>>> print(open('structure23.txt').read())   # compact mmCIF, N, CA and C atoms and all ligand atoms
# COMPACT_ATOMS: atom_id res chain seq x y z
N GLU S 1 -14.53 -20.62 -9.20
CA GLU S 1 -14.41 -20.20 -10.59
C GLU S 1 -13.27 -19.17 -10.73
N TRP S 2 -13.03 -18.72 -11.97
CA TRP S 2 -12.03 -17.68 -12.21
C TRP S 2 -12.43 -16.39 -11.50
N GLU S 3 -13.69 -15.96 -11.68
CA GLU S 3 -14.10 -14.68 -11.05
C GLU S 3 -14.09 -14.74 -9.53
N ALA S 4 -14.38 -15.90 -8.96
CA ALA S 4 -14.35 -16.13 -7.52
C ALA S 4 -12.91 -15.99 -7.00
N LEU S 5 -11.96 -16.49 -7.77
CA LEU S 5 -10.55 -16.40 -7.40
C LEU S 5 -10.10 -14.92 -7.45
N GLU S 6 -10.52 -14.15 -8.47
CA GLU S 6 -10.15 -12.71 -8.54
C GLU S 6 -10.61 -11.97 -7.30
N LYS S 7 -11.86 -12.21 -6.90
CA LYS S 7 -12.44 -11.53 -5.73
C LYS S 7 -11.75 -11.99 -4.46
N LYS S 8 -11.40 -13.31 -4.37
CA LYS S 8 -10.66 -13.85 -3.22
C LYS S 8 -9.32 -13.14 -3.07
N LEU S 9 -8.61 -12.92 -4.20
CA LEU S 9 -7.31 -12.24 -4.18
C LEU S 9 -7.45 -10.79 -3.72
N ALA S 10 -8.48 -10.08 -4.24
CA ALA S 10 -8.70 -8.69 -3.86
C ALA S 10 -9.00 -8.59 -2.36
N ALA S 11 -9.80 -9.53 -1.81
CA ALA S 11 -10.13 -9.52 -0.38
C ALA S 11 -8.89 -9.76 0.49
N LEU S 12 -7.98 -10.63 0.03
CA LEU S 12 -6.74 -10.94 0.73
C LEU S 12 -5.78 -9.74 0.71
N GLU S 13 -5.73 -9.00 -0.41
CA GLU S 13 -4.95 -7.76 -0.52
C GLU S 13 -5.44 -6.75 0.53
N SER S 14 -6.77 -6.59 0.66
CA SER S 14 -7.34 -5.67 1.65
C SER S 14 -7.01 -6.13 3.05
N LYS S 15 -7.07 -7.46 3.33
CA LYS S 15 -6.71 -8.02 4.64
C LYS S 15 -5.23 -7.74 5.02
N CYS S 16 -4.27 -7.86 4.08
CA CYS S 16 -2.86 -7.54 4.40
C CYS S 16 -2.65 -6.06 4.60
N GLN S 17 -3.41 -5.25 3.85
CA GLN S 17 -3.35 -3.79 3.96
C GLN S 17 -3.84 -3.40 5.36
N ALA S 18 -4.93 -4.04 5.84
CA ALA S 18 -5.39 -3.78 7.23
C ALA S 18 -4.36 -4.33 8.23
N UNK S 19 -3.73 -5.47 7.90
CA UNK S 19 -2.65 -6.08 8.68
C UNK S 19 -1.52 -5.09 9.02
N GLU S 20 -1.01 -4.43 7.98
CA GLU S 20 0.05 -3.45 8.10
C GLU S 20 -0.37 -2.31 9.00
N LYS S 21 -1.61 -1.79 8.81
CA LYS S 21 -2.12 -0.66 9.60
C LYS S 21 -2.28 -1.04 11.06
N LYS S 22 -2.75 -2.26 11.31
CA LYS S 22 -2.93 -2.69 12.72
C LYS S 22 -1.57 -2.87 13.41
N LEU S 23 -0.57 -3.38 12.68
CA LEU S 23 0.78 -3.60 13.22
C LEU S 23 1.40 -2.25 13.54
N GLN S 24 1.24 -1.27 12.64
CA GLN S 24 1.76 0.09 12.91
C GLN S 24 1.15 0.69 14.18
N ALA S 25 -0.17 0.50 14.37
CA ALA S 25 -0.91 1.01 15.54
C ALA S 25 -0.35 0.38 16.82
N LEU S 26 -0.08 -0.91 16.77
CA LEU S 26 0.49 -1.61 17.94
C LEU S 26 1.93 -1.19 18.18
N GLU S 27 2.70 -0.99 17.11
CA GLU S 27 4.09 -0.53 17.24
C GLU S 27 4.13 0.82 17.94
N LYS S 28 3.19 1.72 17.58
CA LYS S 28 3.11 3.03 18.21
C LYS S 28 2.94 2.88 19.74
N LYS S 29 2.02 2.02 20.18
CA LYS S 29 1.80 1.84 21.62
C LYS S 29 3.02 1.20 22.28
N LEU S 30 3.63 0.23 21.58
CA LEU S 30 4.81 -0.43 22.16
C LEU S 30 5.95 0.58 22.31
N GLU S 31 6.15 1.42 21.30
CA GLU S 31 7.26 2.41 21.34
C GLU S 31 7.04 3.43 22.46
N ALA S 32 5.78 3.73 22.79
CA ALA S 32 5.46 4.64 23.91
C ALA S 32 5.95 4.02 25.22
N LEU S 33 5.70 2.73 25.38
CA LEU S 33 6.14 1.99 26.57
C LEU S 33 7.62 1.85 26.62
N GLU S 34 8.23 1.53 25.49
CA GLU S 34 9.67 1.27 25.43
C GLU S 34 10.49 2.51 25.76
N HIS S 35 9.96 3.71 25.47
CA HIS S 35 10.71 4.95 25.74
C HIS S 35 10.06 5.80 26.84
N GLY S 36 9.15 5.21 27.60
CA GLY S 36 8.40 5.89 28.65
C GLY S 36 8.92 5.59 30.04
N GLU R 1 0.79 -23.52 -12.61
CA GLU R 1 -0.44 -23.86 -13.31
C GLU R 1 -1.64 -23.19 -12.63
N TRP R 2 -2.84 -23.40 -13.19
CA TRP R 2 -4.06 -22.88 -12.58
C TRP R 2 -4.27 -23.50 -11.20
N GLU R 3 -4.17 -24.83 -11.11
CA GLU R 3 -4.41 -25.48 -9.80
C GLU R 3 -3.39 -25.10 -8.74
N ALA R 4 -2.15 -24.85 -9.16
CA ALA R 4 -1.07 -24.42 -8.28
C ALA R 4 -1.39 -23.02 -7.72
N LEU R 5 -1.95 -22.17 -8.56
CA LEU R 5 -2.32 -20.82 -8.15
C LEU R 5 -3.49 -20.89 -7.13
N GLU R 6 -4.48 -21.77 -7.35
CA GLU R 6 -5.60 -21.91 -6.38
C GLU R 6 -5.09 -22.29 -5.01
N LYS R 7 -4.17 -23.26 -4.96
CA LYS R 7 -3.62 -23.74 -3.69
C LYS R 7 -2.76 -22.66 -3.05
N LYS R 8 -1.99 -21.90 -3.88
CA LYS R 8 -1.18 -20.78 -3.38
C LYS R 8 -2.07 -19.74 -2.70
N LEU R 9 -3.23 -19.42 -3.31
CA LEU R 9 -4.16 -18.45 -2.75
C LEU R 9 -4.74 -18.94 -1.42
N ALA R 10 -5.13 -20.23 -1.37
CA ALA R 10 -5.69 -20.79 -0.15
C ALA R 10 -4.66 -20.75 0.98
N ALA R 11 -3.38 -21.05 0.68
CA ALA R 11 -2.32 -21.02 1.70
C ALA R 11 -2.08 -19.61 2.23
N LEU R 12 -2.17 -18.60 1.35
CA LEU R 12 -2.01 -17.20 1.72
C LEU R 12 -3.17 -16.72 2.59
N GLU R 13 -4.40 -17.17 2.31
CA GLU R 13 -5.58 -16.88 3.13
C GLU R 13 -5.35 -17.41 4.55
N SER R 14 -4.85 -18.66 4.67
CA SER R 14 -4.56 -19.25 5.99
C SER R 14 -3.48 -18.47 6.70
N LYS R 15 -2.42 -18.02 5.97
CA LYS R 15 -1.33 -17.21 6.55
C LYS R 15 -1.85 -15.86 7.11
N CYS R 16 -2.77 -15.16 6.41
CA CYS R 16 -3.33 -13.89 6.95
C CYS R 16 -4.23 -14.13 8.13
N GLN R 17 -4.95 -15.27 8.10
CA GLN R 17 -5.83 -15.66 9.20
C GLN R 17 -4.97 -15.90 10.45
N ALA R 18 -3.82 -16.59 10.28
CA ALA R 18 -2.90 -16.77 11.43
C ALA R 18 -2.29 -15.41 11.83
N UNK R 19 -2.03 -14.54 10.84
CA UNK R 19 -1.54 -13.17 11.04
C UNK R 19 -2.40 -12.38 12.05
N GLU R 20 -3.71 -12.37 11.79
CA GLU R 20 -4.68 -11.68 12.62
C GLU R 20 -4.66 -12.23 14.03
N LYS R 21 -4.63 -13.58 14.18
CA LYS R 21 -4.64 -14.23 15.50
C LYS R 21 -3.38 -13.91 16.27
N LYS R 22 -2.24 -13.89 15.58
CA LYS R 22 -0.97 -13.58 16.28
C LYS R 22 -0.94 -12.12 16.74
N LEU R 23 -1.48 -11.21 15.92
CA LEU R 23 -1.52 -9.77 16.24
C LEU R 23 -2.42 -9.57 17.44
N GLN R 24 -3.58 -10.24 17.47
CA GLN R 24 -4.49 -10.14 18.63
C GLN R 24 -3.80 -10.60 19.92
N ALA R 25 -3.03 -11.70 19.85
CA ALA R 25 -2.30 -12.28 21.00
C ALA R 25 -1.28 -11.26 21.52
N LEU R 26 -0.59 -10.60 20.60
CA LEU R 26 0.41 -9.59 21.00
C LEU R 26 -0.27 -8.34 21.55
N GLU R 27 -1.40 -7.95 20.97
CA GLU R 27 -2.17 -6.80 21.46
C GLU R 27 -2.60 -7.03 22.90
N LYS R 28 -3.03 -8.27 23.21
CA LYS R 28 -3.44 -8.62 24.56
C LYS R 28 -2.27 -8.37 25.55
N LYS R 29 -1.06 -8.83 25.21
CA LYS R 29 0.08 -8.64 26.11
C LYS R 29 0.44 -7.17 26.21
N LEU R 30 0.38 -6.45 25.08
CA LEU R 30 0.71 -5.02 25.11
C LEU R 30 -0.28 -4.27 25.99
N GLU R 31 -1.57 -4.60 25.86
CA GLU R 31 -2.62 -3.89 26.64
C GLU R 31 -2.46 -4.16 28.14
N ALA R 32 -1.94 -5.34 28.51
CA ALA R 32 -1.67 -5.66 29.92
C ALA R 32 -0.60 -4.71 30.46
N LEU R 33 0.44 -4.48 29.67
CA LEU R 33 1.51 -3.56 30.04
C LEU R 33 1.06 -2.14 30.07
N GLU R 34 0.28 -1.75 29.07
CA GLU R 34 -0.15 -0.36 28.94
C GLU R 34 -1.06 0.07 30.09
N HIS R 35 -1.82 -0.87 30.68
CA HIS R 35 -2.73 -0.52 31.78
C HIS R 35 -2.30 -1.13 33.12
N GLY R 36 -1.07 -1.60 33.20
CA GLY R 36 -0.52 -2.27 34.38
C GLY R 36 0.38 -1.37 35.20
N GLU V 1 -5.62 -9.33 -16.12
CA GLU V 1 -5.37 -10.51 -16.93
C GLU V 1 -4.89 -11.67 -16.05
N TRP V 2 -4.64 -12.83 -16.67
CA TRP V 2 -4.10 -13.98 -15.95
C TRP V 2 -2.72 -13.65 -15.40
N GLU V 3 -1.83 -13.10 -16.25
CA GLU V 3 -0.46 -12.81 -15.78
C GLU V 3 -0.42 -11.74 -14.69
N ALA V 4 -1.34 -10.79 -14.74
CA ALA V 4 -1.47 -9.73 -13.74
C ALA V 4 -1.87 -10.35 -12.39
N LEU V 5 -2.76 -11.33 -12.44
CA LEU V 5 -3.21 -12.02 -11.23
C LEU V 5 -2.03 -12.82 -10.63
N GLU V 6 -1.22 -13.50 -11.46
CA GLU V 6 -0.05 -14.25 -10.92
C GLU V 6 0.89 -13.34 -10.17
N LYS V 7 1.19 -12.18 -10.75
CA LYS V 7 2.11 -11.22 -10.13
C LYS V 7 1.49 -10.63 -8.88
N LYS V 8 0.15 -10.37 -8.89
CA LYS V 8 -0.56 -9.87 -7.71
C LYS V 8 -0.43 -10.86 -6.56
N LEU V 9 -0.58 -12.17 -6.85
CA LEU V 9 -0.47 -13.21 -5.82
C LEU V 9 0.94 -13.28 -5.25
N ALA V 10 1.97 -13.20 -6.13
CA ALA V 10 3.35 -13.25 -5.68
C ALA V 10 3.66 -12.05 -4.77
N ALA V 11 3.15 -10.85 -5.12
CA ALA V 11 3.38 -9.65 -4.30
C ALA V 11 2.72 -9.77 -2.92
N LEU V 12 1.53 -10.39 -2.86
CA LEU V 12 0.81 -10.60 -1.62
C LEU V 12 1.52 -11.62 -0.73
N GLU V 13 2.11 -12.67 -1.32
CA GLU V 13 2.93 -13.65 -0.61
C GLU V 13 4.11 -12.94 0.07
N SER V 14 4.80 -12.05 -0.68
CA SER V 14 5.93 -11.29 -0.13
C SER V 14 5.46 -10.38 0.99
N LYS V 15 4.29 -9.72 0.84
CA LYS V 15 3.71 -8.86 1.89
C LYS V 15 3.41 -9.64 3.19
N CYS V 16 2.86 -10.87 3.12
CA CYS V 16 2.62 -11.67 4.35
C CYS V 16 3.91 -12.14 4.98
N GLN V 17 4.90 -12.44 4.13
CA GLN V 17 6.23 -12.87 4.59
C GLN V 17 6.86 -11.71 5.37
N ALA V 18 6.74 -10.47 4.85
CA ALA V 18 7.24 -9.30 5.60
C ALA V 18 6.39 -9.08 6.87
N UNK V 19 5.08 -9.35 6.78
CA UNK V 19 4.14 -9.31 7.91
C UNK V 19 4.62 -10.11 9.12
N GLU V 20 4.97 -11.38 8.86
CA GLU V 20 5.45 -12.30 9.88
C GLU V 20 6.72 -11.78 10.51
N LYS V 21 7.67 -11.28 9.68
CA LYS V 21 8.96 -10.77 10.18
C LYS V 21 8.76 -9.53 11.03
N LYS V 22 7.85 -8.65 10.62
CA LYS V 22 7.61 -7.42 11.41
C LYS V 22 6.95 -7.77 12.76
N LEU V 23 6.04 -8.75 12.77
CA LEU V 23 5.34 -9.18 13.99
C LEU V 23 6.35 -9.79 14.94
N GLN V 24 7.27 -10.63 14.43
CA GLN V 24 8.32 -11.22 15.27
C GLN V 24 9.19 -10.14 15.92
N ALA V 25 9.55 -9.09 15.16
CA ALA V 25 10.39 -7.97 15.63
C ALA V 25 9.67 -7.24 16.77
N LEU V 26 8.37 -7.03 16.61
CA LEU V 26 7.58 -6.36 17.66
C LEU V 26 7.41 -7.26 18.87
N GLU V 27 7.22 -8.56 18.65
CA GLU V 27 7.11 -9.52 19.76
C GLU V 27 8.37 -9.50 20.61
N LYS V 28 9.54 -9.43 19.95
CA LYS V 28 10.82 -9.37 20.65
C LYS V 28 10.84 -8.15 21.60
N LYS V 29 10.44 -6.97 21.12
CA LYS V 29 10.46 -5.78 21.96
C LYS V 29 9.43 -5.90 23.08
N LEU V 30 8.25 -6.45 22.76
CA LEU V 30 7.22 -6.60 23.79
C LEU V 30 7.70 -7.56 24.89
N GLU V 31 8.33 -8.66 24.48
CA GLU V 31 8.81 -9.67 25.47
C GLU V 31 9.90 -9.08 26.37
N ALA V 32 10.70 -8.14 25.85
CA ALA V 32 11.72 -7.46 26.66
C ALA V 32 11.04 -6.66 27.78
N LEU V 33 9.96 -5.97 27.43
CA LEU V 33 9.19 -5.19 28.40
C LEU V 33 8.48 -6.06 29.37
N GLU V 34 7.88 -7.14 28.88
CA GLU V 34 7.07 -8.01 29.72
C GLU V 34 7.90 -8.72 30.79
N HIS V 35 9.20 -8.97 30.52
CA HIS V 35 10.05 -9.67 31.49
C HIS V 35 11.15 -8.76 32.06
N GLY V 36 11.02 -7.46 31.86
CA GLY V 36 12.01 -6.47 32.29
C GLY V 36 11.61 -5.74 33.56
ZN ZN A 101 11.99 1.98 20.56
ZN ZN A 102 -4.72 0.41 26.08
ZN ZN A 103 6.50 -13.11 27.91
>>> encode(input="structure23.txt", output="structure tokens")
Amino acid sequence: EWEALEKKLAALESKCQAXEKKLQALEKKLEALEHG
Amino acid sequence: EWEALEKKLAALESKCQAXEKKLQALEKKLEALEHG
Amino acid sequence: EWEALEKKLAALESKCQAXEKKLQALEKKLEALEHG
């Protein structure tokens, strides 16, 4: 339905937001290795 | 259209799902280096 | 609104597209370490 699609979009926004945070966390560990 | 937007949302859901799997795969390789 | 949801979806598509590019960039650095 329309309301189901709104909630689906909001959940996907939260998933990309967690995506960015997880990538930053991994970048931090990689950069420690790259300059260590 | 409405139907085009539904399919766009479903494709984006699949893209984030592949996102998570690719990040996990890279985390596995990084963790091997970090503790190796 | 409907138009707000269309723009929200387009912004999320751009965010996953940047997601993929950032993951590839990190994979490149990780692969340098893994075979270095
Ligand atoms: Zn660096
Ligand atoms: Zn570790
Ligand atoms: Zn490799």
>>> atom_distance(input="structure23.txt", atom1="atom C of residue R:32", atom2="atom CA of residue S:35")
15.6 Å
>>> closest_atom_pairs(input="structure23.txt", of="chain S", to="ligand ZN 102 (chain A)", cutoff="12 Å", atoms="only C-alpha atoms and all ligand atoms", output="tab-separated table")
residue	atom	partner	partner_atom	distance
S:25	CA	A:ZN102	ZN	11.2
S:26	CA	A:ZN102	ZN	9.9
S:28	CA	A:ZN102	ZN	11.4
S:29	CA	A:ZN102	ZN	8.0
S:30	CA	A:ZN102	ZN	10.3
S:32	CA	A:ZN102	ZN	11.2
S:33	CA	A:ZN102	ZN	11.0
>>> calpha_fit_and_write(input="structure23.txt", fixed="chain R", moving="chain S", output="compact mmCIF listing (two decimals) with N, CA and C atoms, in the frame of the given file")
# COMPACT_ATOMS: atom_id res chain seq x y z
N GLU S 1 0.79 -23.52 -12.61
CA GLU S 1 -0.44 -23.87 -13.31
C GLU S 1 -1.64 -23.19 -12.63
N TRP S 2 -2.84 -23.41 -13.19
CA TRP S 2 -4.06 -22.88 -12.58
C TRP S 2 -4.27 -23.50 -11.20
N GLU S 3 -4.17 -24.84 -11.11
CA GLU S 3 -4.42 -25.48 -9.80
C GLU S 3 -3.39 -25.10 -8.75
N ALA S 4 -2.15 -24.86 -9.16
CA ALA S 4 -1.07 -24.42 -8.28
C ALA S 4 -1.39 -23.02 -7.72
N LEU S 5 -1.94 -22.17 -8.56
CA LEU S 5 -2.32 -20.82 -8.15
C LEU S 5 -3.48 -20.90 -7.13
N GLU S 6 -4.48 -21.77 -7.35
CA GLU S 6 -5.60 -21.91 -6.38
C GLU S 6 -5.08 -22.29 -5.01
N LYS S 7 -4.17 -23.26 -4.97
CA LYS S 7 -3.62 -23.74 -3.69
C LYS S 7 -2.76 -22.66 -3.05
N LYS S 8 -1.99 -21.89 -3.88
CA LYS S 8 -1.18 -20.77 -3.38
C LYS S 8 -2.06 -19.74 -2.70
N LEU S 9 -3.23 -19.42 -3.32
CA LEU S 9 -4.16 -18.45 -2.75
C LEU S 9 -4.74 -18.94 -1.42
N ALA S 10 -5.13 -20.23 -1.37
CA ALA S 10 -5.69 -20.80 -0.15
C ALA S 10 -4.66 -20.75 0.98
N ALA S 11 -3.38 -21.05 0.68
CA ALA S 11 -2.32 -21.03 1.69
C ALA S 11 -2.08 -19.61 2.23
N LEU S 12 -2.18 -18.60 1.35
CA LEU S 12 -2.01 -17.20 1.72
C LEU S 12 -3.17 -16.71 2.59
N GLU S 13 -4.40 -17.17 2.30
CA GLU S 13 -5.58 -16.88 3.13
C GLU S 13 -5.35 -17.41 4.55
N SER S 14 -4.85 -18.65 4.68
CA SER S 14 -4.57 -19.24 5.99
C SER S 14 -3.48 -18.47 6.70
N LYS S 15 -2.42 -18.02 5.97
CA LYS S 15 -1.34 -17.21 6.55
C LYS S 15 -1.85 -15.85 7.11
N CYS S 16 -2.77 -15.15 6.41
CA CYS S 16 -3.32 -13.89 6.95
C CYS S 16 -4.23 -14.13 8.13
N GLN S 17 -4.94 -15.26 8.11
CA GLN S 17 -5.84 -15.66 9.20
C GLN S 17 -4.98 -15.90 10.45
N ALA S 18 -3.82 -16.59 10.28
CA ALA S 18 -2.89 -16.77 11.43
C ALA S 18 -2.29 -15.41 11.83
N UNK S 19 -2.02 -14.54 10.84
CA UNK S 19 -1.54 -13.17 11.05
C UNK S 19 -2.40 -12.38 12.05
N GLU S 20 -3.71 -12.37 11.79
CA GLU S 20 -4.68 -11.68 12.62
C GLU S 20 -4.66 -12.23 14.03
N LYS S 21 -4.63 -13.58 14.18
CA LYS S 21 -4.64 -14.23 15.50
C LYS S 21 -3.38 -13.91 16.27
N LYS S 22 -2.24 -13.89 15.58
CA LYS S 22 -0.97 -13.59 16.28
C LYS S 22 -0.94 -12.12 16.74
N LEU S 23 -1.48 -11.21 15.92
CA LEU S 23 -1.52 -9.77 16.24
C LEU S 23 -2.42 -9.57 17.45
N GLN S 24 -3.58 -10.24 17.47
CA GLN S 24 -4.48 -10.14 18.64
C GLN S 24 -3.80 -10.60 19.93
N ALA S 25 -3.03 -11.70 19.85
CA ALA S 25 -2.30 -12.28 21.00
C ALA S 25 -1.28 -11.26 21.52
N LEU S 26 -0.59 -10.61 20.60
CA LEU S 26 0.41 -9.58 20.99
C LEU S 26 -0.27 -8.34 21.55
N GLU S 27 -1.41 -7.95 20.96
CA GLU S 27 -2.17 -6.80 21.46
C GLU S 27 -2.59 -7.03 22.90
N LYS S 28 -3.04 -8.27 23.21
CA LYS S 28 -3.44 -8.62 24.56
C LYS S 28 -2.27 -8.37 25.55
N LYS S 29 -1.07 -8.84 25.21
CA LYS S 29 0.08 -8.64 26.11
C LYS S 29 0.44 -7.16 26.22
N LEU S 30 0.37 -6.45 25.08
CA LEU S 30 0.71 -5.02 25.11
C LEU S 30 -0.29 -4.27 25.99
N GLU S 31 -1.57 -4.59 25.86
CA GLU S 31 -2.62 -3.89 26.64
C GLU S 31 -2.46 -4.16 28.14
N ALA S 32 -1.94 -5.33 28.51
CA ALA S 32 -1.67 -5.66 29.92
C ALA S 32 -0.60 -4.71 30.46
N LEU S 33 0.43 -4.48 29.67
CA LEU S 33 1.52 -3.56 30.04
C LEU S 33 1.06 -2.15 30.07
N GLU S 34 0.28 -1.75 29.08
CA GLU S 34 -0.16 -0.36 28.94
C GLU S 34 -1.06 0.07 30.09
N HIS S 35 -1.82 -0.87 30.68
CA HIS S 35 -2.74 -0.52 31.78
C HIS S 35 -2.31 -1.14 33.12
N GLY S 36 -1.07 -1.60 33.20
CA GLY S 36 -0.52 -2.27 34.38
C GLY S 36 0.38 -1.37 35.20
>>> closest_residue(input="structure23.txt", among="R:12, R:31, R:36, R:6", to="chain V", atoms="only C-alpha atoms")
R:12
>>> closest_residue(input="structure23.txt", among="V:2, V:34, V:10, V:19", to="ligand ZN 103 (chain A)", atoms="all atoms listed in the file")
V:34
>>> interface_residues(input="structure23.txt", of="chain R", to="chain S", cutoff="7 Å", atoms="only N, CA and C atoms", output="list in words")
residues 13, 16, 27 and 30 of chain R
>>> atom_distance(input="structure23.txt", atom1="atom N of residue R:20", atom2="atom CA of residue V:20")
9.4 Å
>>> atom_distance(input="structure23.txt", atom1="atom CA of residue R:4", atom2="atom CA of residue V:4")
15.7 Å
